[PDB]
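Next up: a single chain in structure tokens, the form deposited in one PDB entry.
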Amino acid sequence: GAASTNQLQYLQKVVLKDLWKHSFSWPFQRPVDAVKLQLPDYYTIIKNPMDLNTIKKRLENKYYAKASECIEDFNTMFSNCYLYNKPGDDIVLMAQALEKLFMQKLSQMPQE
């Protein structure tokens, strides 16, 4: 298909899949459960929550019109983690490692 089709296909079949398979993806595989995690303030602080399963469903459901919209959701997921947590926290180190992988896969995004 067209470049834009290949881009969203790449985000689903390669980028999302490889991030999910990474050993540090588990905190990012579901929405934050504020009661379970004992964090009453999470959704007061984070007003545009995002996670990999939401992104997965959106790609499956053909929700994104173009790749940039999907990339915005991945970046939001990482930014939320940096904003909510503190420097040096384990969850931040995990996010940073995942983001490094994300950036590597993006650097090979097709443009045709």
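All residue numbers are counted from 1 along the displayed sequence. By rigid core we mean the largest C-alpha set that fits within 1.5 Å across both forms.
Legend: mean Cα B-factor per stretch from the PDB entry, 57-65 versus 79-87; the higher mean is in 57-65.
Higher mean CA B-factor, judged across 92-100 and 5-13 from the recorded values: 5-13. When all modelled residues of the chain are sorted by CA temperature factor, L52 is found within the lowest third. Split the chain's modelled residues into thirds by C-alpha temperature factor. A34 is in the highest one.
Not pictured, yet referred to below: the form deposited in another entry.
In the core-superposed comparison between this form and the one not shown, the C-alpha atom of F78 has shifted by less than 2 angstroms. Positional change of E69 between this form and the one not shown stays under 2 Å at the C-alpha, relative to the superposed core. Relative to the superposed core, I46 shifts its CA atom by 2 Å or more between this form and the one not shown. Relative to this form, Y42 and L83 separate from one another in the other entry, with their C-alpha atoms ending up at least 3 Å farther apart. Figure legend: C-alpha atoms of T76 and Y42, shown here, are separated by at least 3 angstroms more in the other entry.
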